[PDB]
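Peer 1: If you scroll down you'll find the structure; I have some questions about it.
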Amino acid sequence: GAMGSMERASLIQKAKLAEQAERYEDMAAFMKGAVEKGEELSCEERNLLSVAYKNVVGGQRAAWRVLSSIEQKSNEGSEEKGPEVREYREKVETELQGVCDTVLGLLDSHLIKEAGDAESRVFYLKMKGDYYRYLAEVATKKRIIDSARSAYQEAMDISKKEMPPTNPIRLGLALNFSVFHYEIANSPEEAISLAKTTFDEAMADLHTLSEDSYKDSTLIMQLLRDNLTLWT
Amino acid sequence: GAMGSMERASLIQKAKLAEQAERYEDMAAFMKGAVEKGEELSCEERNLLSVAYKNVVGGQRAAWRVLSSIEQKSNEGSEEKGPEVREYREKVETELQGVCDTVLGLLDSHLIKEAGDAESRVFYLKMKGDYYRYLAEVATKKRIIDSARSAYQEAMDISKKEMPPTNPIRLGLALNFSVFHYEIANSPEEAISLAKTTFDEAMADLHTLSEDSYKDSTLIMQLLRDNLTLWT
Amino acid sequence: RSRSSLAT
Amino acid sequence: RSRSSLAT
Ligand SMILES: [Cl-]
Ligand SMILES: [Cl-]
Ligand SMILES: [Cl-]
Ligand SMILES: [Cl-]
Ligand SMILES: [Mg+2]
Ligand SMILES: [Mg+2]
Ligand SMILES: [Mg+2]
Ligand SMILES: [Mg+2]
């Protein structure tokens, strides 16, 4: 693609510049180019990839929700305004699906299969679950939901065997899987149970951590607690 | 172009949806398509065009400033990091210039020449000044500065003859021309004089206005006052 | 309203 | 730092 002529290190450098400039579409394109060089990604590089695409799809998801809400209102004594709301919601939806398909394609070709360490494999499987979850949010679907579930479950199984309960990757995975249960899978009790158990097992392991690791873990634990407060 | 097959009214409708969804690039593309239908724009439509492109170029300008600052820091005991900062600043700069050229092209073909009423003609000439000003911010230039000056001056001459001193278009034009003087033309005294005179002449005309028009005018007057406080 | 992992 | 007309 268009990044084929740029050095891997230059793509990484420019991804960091793009982040500083809040140019997340550029950041994602640079990181896609870096992945396509075919080498494995370091921890920092994995995080750049994740930040870039999370910001891109996050803006698409927010736009899609605005347009979907307008579309649902039009379908209630509502005056007919023609096909335009549906058309434009479909346009944004198709672009969102394209970004998800792009990320899933990078994971399948070939990030996941080359990821042998727990930290990398769990990271990528969580990403797979997340981007299938974003596809599920707009799907009208059972197979997409099962694909998200399967990726999250494999990541959970590895994380429980290979990582301590305070590990930020493990915590963020559990957080997002709990959101999947609550918002996608119609399983609020599973969401609540997962969030509670994750929080409590992390609490009990905080004593092993340095000041900096304690800050990292407790930040994510607070999101679990915020959700539990919303859900109960 | 790609909007050639879409109805004018549908483009306007979708521009409004794009605004609600904060999808300003889409909004601008829809409004470009509407302009290219060849009919004059209403007041509301002119404002949609302006909002869309101001938001697009505003994000580019902010990114350009981040990257330019990093580039200037690298050119001070600074370790050599290669061509990447310059290359990426140039990429953003070229995209910014392209958006400005697009807007200026719409104004020249054929919005300005068909604009006969003061409200439309002043609006478009102000836009011309603004987008030449954005080109001047990145130029390394005398001719660009003179083009901005000339457009603003023609807009000022019409606005002073045809609009009351509280008219929000006239006020916003004076505000932006004063910014041109201060930030582009190295003329802070002219900037201060223009802002002061504009503010004082508007003050004296507020008594003629309704409650709603008073709110509209005083909001912009506050920006003139904020700048005067910064500049003096 | 549910919070997922931060974009960062 | 100078303020120009709002994007809106
Ligand atoms: Cl559309
Ligand atoms: Cl396990
Ligand atoms: Cl570049
Ligand atoms: Cl005059
Ligand atoms: Mg190489
Ligand atoms: Mg490996
Ligand atoms: Mg027609
Ligand atoms: Mg006319």
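Chain identifiers are assigned as A, B, and so on, following the order in which chains appear in the structure tokens; residues are numbered from 1 within each chain, and ligands are numbered from 1 in order of appearance.
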Within 12 Å of ligand 5 (counting only C-alpha atoms and all ligand atoms), which residues show up? I'd like them as a list in words.

Peer 2: residues 3, 4, 5, 6, 7, 8, 9, 10, 11, 33, 34, 36, 37, 38 and 39 of chain A

Peer 1: Compute the set of chain A residues within 10 Å of chain B, using only C-alpha atoms, and express it as number ranges by chain.

Peer 2: A: 9-11, 13-15, 17-23, 26, 59-60, 62-67, 70, 81-85, 87-89, 92

Peer 1: Would you mind exporting C-alpha atoms of the selected residues as an mmCIF file, in the first residue's frame?

Peer 2:
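again_23.cif written:
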```cif
data_model
loop_
_atom_site.group_PDB
_atom_site.id
_atom_site.type_symbol
_atom_site.label_atom_id
_atom_site.label_comp_id
_atom_site.auth_asym_id
_atom_site.auth_seq_id
_atom_site.Cartn_x
_atom_site.Cartn_y
_atom_site.Cartn_z
ATOM 1 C CA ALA A 9 11.075 3.182 11.980
ATOM 2 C CA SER A 10 9.871 6.278 10.110
ATOM 3 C CA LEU A 11 6.285 5.001 10.204
ATOM 4 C CA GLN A 13 8.072 7.967 14.418
ATOM 5 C CA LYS A 14 5.292 9.543 12.366
ATOM 6 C CA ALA A 15 2.609 7.618 14.265
ATOM 7 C CA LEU A 17 3.858 12.700 15.781
ATOM 8 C CA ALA A 18 0.318 12.067 14.528
ATOM 9 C CA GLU A 19 -0.751 11.187 18.073
ATOM 10 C CA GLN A 20 0.692 14.456 19.379
ATOM 11 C CA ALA A 21 -1.183 16.324 16.632
ATOM 12 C CA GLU A 22 -4.424 14.382 17.318
ATOM 13 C CA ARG A 23 -4.371 13.153 13.701
ATOM 14 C CA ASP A 26 -2.947 9.394 9.891
ATOM 15 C CA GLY A 59 -15.390 8.884 16.435
ATOM 16 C CA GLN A 60 -17.260 6.723 13.941
ATOM 17 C CA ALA A 62 -20.218 8.343 18.253
ATOM 18 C CA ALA A 63 -21.357 9.643 14.859
ATOM 19 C CA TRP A 64 -23.249 6.438 14.137
ATOM 20 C CA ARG A 65 -25.088 6.732 17.448
ATOM 21 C CA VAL A 66 -26.137 10.321 16.692
ATOM 22 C CA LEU A 67 -27.454 9.344 13.267
ATOM 23 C CA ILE A 70 -32.211 10.639 14.544
ATOM 24 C CA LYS A 81 -38.182 13.389 5.340
ATOM 25 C CA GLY A 82 -37.077 10.894 2.687
ATOM 26 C CA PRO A 83 -34.175 8.456 2.497
ATOM 27 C CA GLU A 84 -31.398 10.835 3.510
ATOM 28 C CA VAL A 85 -31.073 9.958 7.224
ATOM 29 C CA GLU A 87 -28.499 6.804 3.570
ATOM 30 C CA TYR A 88 -26.099 8.860 5.667
ATOM 31 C CA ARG A 89 -26.297 6.484 8.658
ATOM 32 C CA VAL A 92 -21.030 6.106 8.308
#
```

Peer 1: Write out as a VMD selection string the residues lying within 7 Å of segment 121-135 of chain B, counting only C-alpha atoms and excluding same-chain residues fewer than 6 positions away.

Peer 2: chain B and resid 97 100 104 107 112 115 144 to 145 147 to 149 151 to 152 155 158 to 159 169 173 180

Peer 1: Using only C-alpha atoms, what table do you get, as JSON lines, when you list each residue of chain A with an atom no more than 10 Å from chain C, its nearest pair of atoms, and their distance in Å rounded to one decimal, rows by chain then rising number?

Peer 2:
```
{"residue": "A:47", "atom": "CA", "partner": "C:8", "partner_atom": "CA", "distance": 7.8}
{"residue": "A:48", "atom": "CA", "partner": "C:8", "partner_atom": "CA", "distance": 8.6}
{"residue": "A:50", "atom": "CA", "partner": "C:7", "partner_atom": "CA", "distance": 7.5}
{"residue": "A:51", "atom": "CA", "partner": "C:8", "partner_atom": "CA", "distance": 5.3}
{"residue": "A:52", "atom": "CA", "partner": "C:7", "partner_atom": "CA", "distance": 8.1}
{"residue": "A:53", "atom": "CA", "partner": "C:7", "partner_atom": "CA", "distance": 8.5}
{"residue": "A:54", "atom": "CA", "partner": "C:7", "partner_atom": "CA", "distance": 5.3}
{"residue": "A:55", "atom": "CA", "partner": "C:7", "partner_atom": "CA", "distance": 6.1}
{"residue": "A:56", "atom": "CA", "partner": "C:7", "partner_atom": "CA", "distance": 9.6}
{"residue": "A:57", "atom": "CA", "partner": "C:7", "partner_atom": "CA", "distance": 9.9}
{"residue": "A:58", "atom": "CA", "partner": "C:7", "partner_atom": "CA", "distance": 8.1}
{"residue": "A:130", "atom": "CA", "partner": "C:4", "partner_atom": "CA", "distance": 9.6}
{"residue": "A:169", "atom": "CA", "partner": "C:5", "partner_atom": "CA", "distance": 9.8}
{"residue": "A:171", "atom": "CA", "partner": "C:5", "partner_atom": "CA", "distance": 9.1}
{"residue": "A:172", "atom": "CA", "partner": "C:5", "partner_atom": "CA", "distance": 5.7}
{"residue": "A:173", "atom": "CA", "partner": "C:5", "partner_atom": "CA", "distance": 8.1}
{"residue": "A:174", "atom": "CA", "partner": "C:5", "partner_atom": "CA", "distance": 9.6}
{"residue": "A:175", "atom": "CA", "partner": "C:4", "partner_atom": "CA", "distance": 6.2}
{"residue": "A:176", "atom": "CA", "partner": "C:4", "partner_atom": "CA", "distance": 5.3}
{"residue": "A:177", "atom": "CA", "partner": "C:4", "partner_atom": "CA", "distance": 8.9}
{"residue": "A:178", "atom": "CA", "partner": "C:4", "partner_atom": "CA", "distance": 8.7}
{"residue": "A:179", "atom": "CA", "partner": "C:2", "partner_atom": "CA", "distance": 6.5}
{"residue": "A:180", "atom": "CA", "partner": "C:4", "partner_atom": "CA", "distance": 9.3}
{"residue": "A:182", "atom": "CA", "partner": "C:2", "partner_atom": "CA", "distance": 8.3}
{"residue": "A:183", "atom": "CA", "partner": "C:2", "partner_atom": "CA", "distance": 7.8}
{"residue": "A:220", "atom": "CA", "partner": "C:5", "partner_atom": "CA", "distance": 7.7}
{"residue": "A:223", "atom": "CA", "partner": "C:3", "partner_atom": "CA", "distance": 6.4}
{"residue": "A:224", "atom": "CA", "partner": "C:3", "partner_atom": "CA", "distance": 8.0}
{"residue": "A:225", "atom": "CA", "partner": "C:3", "partner_atom": "CA", "distance": 9.9}
{"residue": "A:226", "atom": "CA", "partner": "C:3", "partner_atom": "CA", "distance": 7.6}
{"residue": "A:227", "atom": "CA", "partner": "C:2", "partner_atom": "CA", "distance": 5.8}
{"residue": "A:228", "atom": "CA", "partner": "C:2", "partner_atom": "CA", "distance": 9.2}
{"residue": "A:230", "atom": "CA", "partner": "C:2", "partner_atom": "CA", "distance": 7.5}
{"residue": "A:231", "atom": "CA", "partner": "C:2", "partner_atom": "CA", "distance": 8.4}
```

Peer 1: Name the residues of segment 10-180 of chain B that come out as alpha helix (DSSP H) in a backbone DSSP run; write them as a ChimeraX atom specification.

Peer 2: /B:10-20,24-35,43-74,84-106,112-114,118-138,142-162,168-179

Peer 1: How many Å separate atom CA of residue 61 of chain B from atom CA of residue 91 of chain A?

Peer 2: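 Computed distance, atom CA of residue 61 of chain B to atom CA of residue 91 of chain A, equals 27.1 Å.
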
Peer 1: Would you please work out which residue, of B:94, B:120, B:102, B:193, is nearest to ligand 8 when using only C-alpha atoms and all ligand atoms?

Peer 2: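 The answer is B:120, which sits nearest to ligand 8.
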
Peer 1: Could you give me, as a PDB file with N, CA, C and O atoms, in the first residue's frame, every polymer residue with an atom at most 8 Å away from an atom of ligand 8, counting only C-alpha atoms and all ligand atoms?

Peer 2:
```pdb
ATOM      1  N   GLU B  40     -27.322  30.187  -6.198  1.00  0.00           N
ATOM      2  CA  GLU B  40     -26.899  30.970  -5.045  1.00  0.00           C
ATOM      3  C   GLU B  40     -27.310  30.272  -3.740  1.00  0.00           C
ATOM      4  O   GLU B  40     -28.189  29.404  -3.718  1.00  0.00           O
ATOM      5  N   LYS B 113     -19.031  36.292  -7.700  1.00  0.00           N
ATOM      6  CA  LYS B 113     -19.503  37.099  -8.817  1.00  0.00           C
ATOM      7  C   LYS B 113     -21.024  37.153  -8.891  1.00  0.00           C
ATOM      8  O   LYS B 113     -21.565  38.108  -9.454  1.00  0.00           O
ATOM      9  N   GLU B 114     -21.724  36.173  -8.325  1.00  0.00           N
ATOM     10  CA  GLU B 114     -23.177  36.195  -8.339  1.00  0.00           C
ATOM     11  C   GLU B 114     -23.767  36.839  -7.094  1.00  0.00           C
ATOM     12  O   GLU B 114     -24.991  37.006  -7.034  1.00  0.00           O
ATOM     13  N   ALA B 115     -22.936  37.218  -6.116  1.00  0.00           N
ATOM     14  CA  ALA B 115     -23.413  37.771  -4.850  1.00  0.00           C
ATOM     15  C   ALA B 115     -23.567  39.282  -4.977  1.00  0.00           C
ATOM     16  O   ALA B 115     -22.573  40.019  -5.030  1.00  0.00           O
ATOM     17  N   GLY B 116     -24.810  39.745  -5.000  1.00  0.00           N
ATOM     18  CA  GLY B 116     -25.114  41.154  -5.167  1.00  0.00           C
ATOM     19  C   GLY B 116     -25.592  41.852  -3.912  1.00  0.00           C
ATOM     20  O   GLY B 116     -25.414  43.065  -3.765  1.00  0.00           O
ATOM     21  N   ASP B 117     -26.201  41.117  -2.995  1.00  0.00           N
ATOM     22  CA  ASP B 117     -26.652  41.734  -1.765  1.00  0.00           C
ATOM     23  C   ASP B 117     -25.462  41.886  -0.829  1.00  0.00           C
ATOM     24  O   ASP B 117     -24.526  41.087  -0.848  1.00  0.00           O
TER      25      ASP B 117
END
```

Peer 1: Could you state the separation of atom CA of residue 232 of chain A and atom CA of residue 141 of chain A in Å, given to one decimal place?

Peer 2: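 Going from atom CA of residue 232 of chain A over to atom CA of residue 141 of chain A, I get 27.6 Å.
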
Peer 1: Select the residues contacting ligand 2 at a distance of at most 12 Å, based on only C-alpha atoms and all ligand atoms, then format the selection as a list in words.

Peer 2: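 Counting only C-alpha atoms and all ligand atoms, the residues within 12 Å of ligand 2 come out as residues 118, 122, 153, 154, 155, 156, 157, 158, 159, 160, 161, 162, 163, 164, 165 and 170 of chain A.
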